[PDB]
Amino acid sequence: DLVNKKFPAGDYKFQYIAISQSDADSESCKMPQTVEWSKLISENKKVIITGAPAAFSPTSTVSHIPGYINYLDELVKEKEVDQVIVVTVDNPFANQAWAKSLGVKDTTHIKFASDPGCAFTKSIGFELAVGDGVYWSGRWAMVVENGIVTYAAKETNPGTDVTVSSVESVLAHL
């Protein structure tokens, strides 16, 4: 189990595409950037991470991620969250399109991360096998405070259930 132990960042990395209101101010097309999990965690005191099986899938889109977006301002301002990271195995262009369709206007405090080949998600045991050696993320949530995991849990039935992975569950551990 991961709780009360150092966030196992190791050498794992993710990709994301920035979204902004002020680099719309300087119109520009955005490219994927690579972020080191270890750098993200050391730069930010308080980090929420949630994994979802597939960008644009129904449960992820309707029942899971909108809660994190809905509560975002509350999280940053009242609960002192620095980053909310939504993790999928999907390519970073599809993740960015997903984020936009969900109403994300700015990636300063929320980033949709691609975990290519489910490498990081498998390392923490939160993967979902979907057949013939293909892995998506399961559905899960994690809180990291000063580099230490203070909460981590994965759905038993990720395709249907938003319980331990819900923003409501996370809020209680803040």
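Quick note: we count residues from 1 along the sequence shown, nothing fancier.
For this session: Higher average CA B factor in the deposited record is what I'm after, so tell me if that's 121-129 or 39-47.
Result: On average, C-alpha B-factors are higher across 39-47.
Exercise. Out of 151-159 and 15-23, which one has CA B-factors that are higher on average in the deposited record?
Worked result: The stretch with the larger average C-alpha B-factor is 15-23.
For this session: Would you mind finding, among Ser114, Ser63, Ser57, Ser28, the residue with the largest C-alpha temperature factor in the entry?
Result: By C-alpha B-factor in the record, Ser28 ranks first.
Exercise. Split the chain's modelled residues into thirds by Cα B-factor; is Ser137 in the lowest, middle or highest one?
Worked result: For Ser137, the deposited C-alpha B-factor lands in the lowest third.
Exercise. If you rank the chain by CA B-factor, which third does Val76 end up in: lowest, middle or highest?
Worked result: Top third by C-alpha B-factor.
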